[PDB]
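*Asks:* model the structure of this input:
(chains A and B, ligands or ions: 3)
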Amino acid sequence: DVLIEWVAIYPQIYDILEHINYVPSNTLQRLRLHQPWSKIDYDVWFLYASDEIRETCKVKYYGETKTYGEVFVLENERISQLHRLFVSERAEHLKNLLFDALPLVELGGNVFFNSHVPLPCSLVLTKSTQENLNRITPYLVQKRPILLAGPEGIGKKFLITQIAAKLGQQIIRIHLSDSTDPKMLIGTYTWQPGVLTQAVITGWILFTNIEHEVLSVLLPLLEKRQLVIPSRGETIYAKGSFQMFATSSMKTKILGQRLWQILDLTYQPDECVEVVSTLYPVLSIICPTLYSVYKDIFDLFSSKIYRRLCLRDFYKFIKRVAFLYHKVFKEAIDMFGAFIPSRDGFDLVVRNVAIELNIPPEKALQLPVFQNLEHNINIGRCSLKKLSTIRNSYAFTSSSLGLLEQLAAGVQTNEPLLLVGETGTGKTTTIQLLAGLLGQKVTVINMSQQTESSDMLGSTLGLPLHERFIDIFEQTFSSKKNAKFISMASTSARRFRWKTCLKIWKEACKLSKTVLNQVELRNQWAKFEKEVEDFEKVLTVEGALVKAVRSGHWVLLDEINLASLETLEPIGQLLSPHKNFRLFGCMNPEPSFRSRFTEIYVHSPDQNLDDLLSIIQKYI
Amino acid sequence: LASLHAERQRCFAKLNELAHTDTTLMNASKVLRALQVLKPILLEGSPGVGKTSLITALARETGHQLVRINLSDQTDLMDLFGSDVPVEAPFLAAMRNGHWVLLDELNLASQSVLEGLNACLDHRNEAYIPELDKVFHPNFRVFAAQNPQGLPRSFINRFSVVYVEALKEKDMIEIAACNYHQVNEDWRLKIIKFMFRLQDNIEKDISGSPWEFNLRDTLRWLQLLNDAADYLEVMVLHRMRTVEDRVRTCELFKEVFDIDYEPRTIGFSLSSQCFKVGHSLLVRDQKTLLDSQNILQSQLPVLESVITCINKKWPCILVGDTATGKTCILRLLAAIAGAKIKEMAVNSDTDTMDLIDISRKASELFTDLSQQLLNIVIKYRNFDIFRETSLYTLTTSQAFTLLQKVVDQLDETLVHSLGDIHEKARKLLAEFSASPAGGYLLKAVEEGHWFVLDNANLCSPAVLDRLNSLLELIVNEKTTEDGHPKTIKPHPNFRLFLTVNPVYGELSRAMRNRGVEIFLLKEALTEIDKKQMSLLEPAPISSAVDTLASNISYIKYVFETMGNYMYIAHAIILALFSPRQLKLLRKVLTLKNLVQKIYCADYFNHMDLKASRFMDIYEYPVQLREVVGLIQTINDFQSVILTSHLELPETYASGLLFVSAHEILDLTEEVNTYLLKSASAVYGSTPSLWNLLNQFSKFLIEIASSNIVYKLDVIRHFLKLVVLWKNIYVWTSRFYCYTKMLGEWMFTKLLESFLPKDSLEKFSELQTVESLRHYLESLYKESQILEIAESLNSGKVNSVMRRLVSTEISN
Ligand SMILES: Nc1ncnc2c1ncn2[C@@H]1O[C@H](COP(=O)(O)OP(=O)(O)NP(=O)(O)O)[C@@H](O)[C@H]1O
Ligand SMILES: Nc1ncnc2c1ncn2[C@@H]1O[C@H](COP(=O)(O)OP(=O)(O)NP(=O)(O)O)[C@@H](O)[C@H]1O
Ligand SMILES: Nc1ncnc2c1ncn2[C@@H]1O[C@H](COP(=O)(O)OP(=O)(O)NP(=O)(O)O)[C@@H](O)[C@H]1O
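*Replies:* Residues are numbered from 1 along each chain as shown, chains lettered A, B, ... in the order given. Ligands and ions are numbered 1, 2, ... in the order given. Coordinates below:
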């Protein structure tokens, strides 16, 4: 009712309460209906014209007094005094006071009312994240398109994810890329459902890797909540909660004008409480002692630091320590510096760790085959309940035992893993330990040639068919010596120059029409002609990782150290539905892909001066 | 450079050591020299021309037909030899009948059609390999449009290349002679020499862009002149983006045209039937957009320069720099005009086919039904009945409910005019259970909307080339049937408005050379920044796109922007507000309260026959249709009142004379301590001052209300006495000297000093220069008030009022 009095005073909370249930009136439909796109048809006095029609129509009861039309000037200061008064917090208290005629009034940093549902609501904090949620309550109430450009690894995608969890909203997170077609934008033909069009249809939404022309294909949504559906021919009223939040840490796009940018910031040592929040039985500051161990690892790095210890890295260390803590854990952080190409540097990491830990167990520093029956893996303080057992050369040297135990520890944790070396046999160890555990399927995508789309996602076919059928019908209708060069130019133009042959179809169709056992061939020439016309109007897949993640193979992405910016694969890693995948990639010696995969270097498993006797035995 | 011309002489030196238009005739003489040897003739010329230099010469050539073979991408060799018919042609006819075969755009060919043209170029009858063995008229010389460079070094070394040069300057005057009807001919030679030396000086220094400055712009300025030297400078140097280069261009304009390019201040007159700014009106007639961006008064210096470009049917190019506000310029322009803005973001590597399945037509039908019902209910507001339910359905395949729509189209003459489109499209929509077969600008080029090719810096050269084919209208599509082009000539209200930015690459030199380039920048003036960012503050200045609101808005502003005083105040205030605003201020009835007395006295006598001088004075010069702006009219003839006529300025001072006169006269009716003694002694004894005041004030009110009073710069001298009578009624012993001063301002027509002669001779029958003090005080304080009002006029600190009172302050 009259609370549209304060309609645009606060943000569209009142407009959302109207979108629950509201109707018009004279001054009401004068007021609220002025939005950026509609069609009025109730009082189109306002939009019909600005001549004495609109310059002289009427306005009913403007301050409950009936001026004429230009009581906009009565109102476009009256609302502006309210817009000044709302600069003086308890603004949401005034909005909840103003709702005095009990819906799903969500609080938050400021307020919301998205009457959909609650959610699981995992990622909580009371930290610099609380100031970030303070900095993003405002525009998310105001429903402009937002962004976020803090430094890397603040969990900004997780920030938006848990923010949507505070809402009743499901953040479909399209990682748009520099090879994107308009398909997941809208679809295609030659009429598809579309993905971005689906979220616009159903109603928040999140995009990533926006920084690296199809931005303009979304700029129609950013100017107003509607899209350019070119084929179906209808802009979509996006009448829900379609807040198209994005993420990138730069500023170079049109959203730099269009979207209300915002700057997140994270005090990293509050991670100490966070994992304390996250892992309940890690309430000891042995956790924070491991954070200090990460600091000491940074101080040892600062032979060549090709890695950067991060809060993601410390969270993964908390993950592997949590995998431990069901059952000391010197071996755990000993794995957490295994990406160290000098074994002396590994020893120095071990000394730093033992400084953070208790007394020197170098016994553990150079420490098994299997217990391989039904949960058929037990290699090295780590087991694997293998599935549907199938199985060449097996159980090699102590270095092979170490790499297999490391890959076991990775596989139990559902993390990413690589192995840089020089042999081309870390893949052999990978497929070996795959089958020796079970063997899911070694989807060994050599990702160095098919550059970026063919891993991720995804035409003279009818031309030879119609060349055959037109050769047959010109054999039926015309004659050998008669249409001879016409046949020869139906031939020479058919050898993959497949658009001038439309003329050789059409003119032969014309003479076949002029040729009018008989009517069957008549319909044959006619249907051939109509099909040729459909082709001559037409003349003017399944990704391997997707098949894996739906299937259950092992994604052995080899040779990532010679690839391109195929960082959509890192986005698909950052997605983690699944049961048990295996993204055991294989490098061969990237500042953020190679900083997001828990790597384990190889140590050239051939060198123990009698271990080659083992492989020599298995070979000979 | 042109020194090669000199070096040509040097070349001619080595030659001598070895020993229709004018320039167009030299180029045609070159082509005549070229035809003397049997080969293809290539036009190796700089861009902008086109093959007109050979499109015309055929008419002066022995009946030689013009085979304009527009060789393009989709062009097979079978589309150039043909004849392949199942037994039971322009290039071909040109091989058959002898003709001039103009091969347009050889560089855009498929490189076997290139091989076919390589085959055909023999002197002897051709023996083609690629389709047939050979296709033998024996004079069929084929001319070659060597396009903007690509061509193969064998195809481009078997032909013969002719160097098409540019236009000579006296020859450019000859080309201007088709425009010199409404042109001062020496001013025409000045504009031509100005563009020539402008390009010749701009191509030698820092100023960034290619800076084309071509003869099409010269003819554009010449044909701009014929619809009345300021507007030429405005829309031929608003398109220099860096302000230092604008200063240098103004200096070159002074070097050539010999004037001072002081910027003519523009102003937003926004009445009902017309909204206008600064030597540019707009047919503000039915309004589609219903926008949400405001007037942006600081953009008023360039919002005019496209509005003129919106009226001259030139190619609108809101070029320039990012986030400065460019979509809002065209948005506001065609928002107030109502020209149905519709935009296409041509930077997505879009294609030429992108500019030029049952449910799609069903939705378009629902939308157009809603549009026609809207325009119906605009005029004859009588309809309701499920017709309103038909409208609600219209804004709502399984489209069987659309058949219900036709039932509503089933159940008068206005209904007949709606159902003309509606029942026809719905009877076609009865076929919504049948067989299917499933443009952008061709919608707007056939409708009346205004098209906005937004962000259109980087799409393609050739897409804008097929656009520039329609830039100069008839459009040749290819979605037509068999053999007919069917160009749509509905261009009336169809304007190509192209945004750009400088971030990507600039628009190509062809579309730069065939458009009206208009930069934009950032200023943020005072009321401008007040109104743009007004979401905190209480008020904009021009707070609508409807004039009855904008009137009360600006009248609430400048009657609140007001902060021997109130004379020049009340005068300038009732001098800057509009006459419609004057009626409105009277309708809306400290100093503003007393202004209602000035309103009653102005509607009595503001401009009784002063408006007759203004009408007749205004009438001789080109003038608007109505009475919307006044001080902007005073500012608007800024070259004319720089002609020393002062037709508009003298009216401005006459207003001050009338208001000051009313002040002096009410003071004198109050006259009806020593002056108090004399005025009492109308009824100390023997007065001499009271008559000396009352007769001169009668002379004042005589000078207020009468034909020669309209015919009265001398009004400033009378106002000197007005300040003098003020200063004596303040300066009311010294009667002798004060009378001698009044006698001087009389010594500065009969009656208006005759009354001073009577009162002075009476006071002399009874019987320092500080009048300059409060005089120059009044001059300075009115100069201050002039600036404070010229703020709310435009927002730059200068005016014809200001320059006038400044030259008065020289005295
Ligand atoms: N308030 C929080 N509550 C719980 N976990 C948090 C919180 N803040 C951060 N984290 C964790 O911090 C990690 C951030 O890494 P992650 O989001 O996986 O990659 P990323 O940081 O988003 N890459 P980027 O999107 O560029 O920041 C996540 O694993 C979160 O669990
Ligand atoms: N888990 C394991 N069990 C048994 N043998 C293993 C295991 N892991 C590695 N090996 C051995 O490690 C070696 C891997 O070498 P391999 O990569 O096959 O040679 P290669 O030179 O790369 N083949 P090629 O491509 O022709 O050059 C083989 O001798 C394997 O038997
Ligand atoms: N009348 C106006 N009302 C409000 N804002 C305006 C107005 N005129 C200009 N602006 C400013 O200009 C913006 C809108 O135009 P704008 O978004 O800059 O088009 P654009 O982004 O410049 N297109 P481009 O040239 O590619 O940058 C607003 O956000 C303001 O910064």
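*Asks:* in contact with the residue of chain B found nearest ligand 1, which residues?
*Replies:* The minimum distance from chain B to ligand 1, using C-beta to the nearest ligand atom, falls at residue B:503 (25.9 Å). Quick note: C-beta positions are derived from backbone N, CA and C, even for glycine. Residue B:503 makes contact with B:322, B:457, according to C-beta atoms under 8 Å, 6 or more residues apart in numbering or on different chains.
*Asks:* so which helix or strand takes in it?
*Replies:* Using DSSP states H and E, residue B:503 falls within no helix or strand.
*Asks:* do you know how far it is from residue A:319?
*Replies:* To residue A:319, residue B:503 is 44 Å away according to C-beta to C-beta, to the nearest Å.
*Asks:* equivalent analysis for residue A:515, please.
*Replies:* 77 Å.
*Asks:* next helix or strand past the helix or strand where residue B:467 lies?
*Replies:* Assigned by DSSP H and E, residue B:467 belongs to helix B:461-471. Using DSSP H and E, the helix or strand that follows helix B:461-471 towards the C-terminus is strand B:496-499.
*Asks:* strands paired with that next one, and their directions?
*Replies:* Sheet pairing for strand B:496-499, assigned by DSSP bridges, gives strand B:316-318 (parallel), strand B:450-454 (parallel).
*Asks:* so can I have a markdown table of those showing mean neighbour count?
*Replies:* Shown next, in a markdown table, are the strands paired with strand B:496-499 (neighbours: other C-beta atoms under 10 Å in any protein chain shown):
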| stretch | mean neighbour count |
| --- | --- |
| strand B:316-318 | 26 |
| strand B:450-454 | 24 |
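*Asks:* nearest to residue B:789, out of these?
*Replies:* Between residue B:789 and those, the shortest separation by C-beta to C-beta is 31.0 Å, and it involves strand B:316-318.
*Asks:* that closest one near ligand 3 anywhere?
*Replies:* No. Taking C-beta under 6 Å from any ligand atom as the criterion, strand B:316-318 and ligand 3 are apart, separated by no less than 7.5 Å.
*Asks:* show residues contacting that strand.
*Replies:* So strand B:316-318 is contacted by B:306, B:309-310, B:326, B:329-330, B:495-500, B:507, B:511, B:515-518, B:520 (C-beta under 8 Å, 6+ apart).
*Asks:* selection in ChimeraX covering whichever of these are buried, please.
*Replies:* Selecting only the buried entries of the contacts of strand B:316-318 in ChimeraX, with 16 or more other C-beta atoms under 10 Å in any protein chain shown as the criterion:
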select /B:306,309,310,326,329,330,495,496,497,498,499,500,507,511,515,516,517,518,520
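*Asks:* also near ligand 3: which of the contacts of strand B:316-318, exactly?
*Replies:* B:326, B:499.
*Asks:* beta partners for the residue nearest the centre of chain A?
*Replies:* Nearest residue to the geometric centre of chain A (C-alpha atoms, centre = their mean): residue A:175, 3.6 Å. Note on residue A:175: beta-bridge partners by DSSP bridges are residue A:208.
*Asks:* for chain B, see how far away it is.
*Replies:* 20 Å (C-beta to the nearest C-beta, to the nearest Å).
*Asks:* hmm, residue A:566 and that residue touching each other?
*Replies:* No. Using C-beta atoms under 8 Å, residue A:175 is not in contact with residue A:566; the gap is 11.7 Å.
*Asks:* for the stretch 501-620 of chain A, what lies in contact range of chain B?
*Replies:* Proximity of the stretch 501-620 of chain A to chain B (C-beta under 8 Å from any C-beta of the partner chain) is limited to residues A:503, A:504, A:507, A:508, A:511, A:514, A:515, A:537, A:540.
*Asks:* can you give me the strands in the stretch 101-250 of chain A?
*Replies:* Along the stretch 101-250 of chain A, counting by DSSP state E, counting those that start in this stretch, strands occupy A:173-175, A:205-208, A:244-247.
*Asks:* right, and the ones you listed - which one's nearest ligand 3?
*Replies:* Proximity to ligand 3 (C-beta to the nearest ligand atom) singles out strand A:244-247 among the strands of the stretch 101-250 of chain A, at 17.5 Å.
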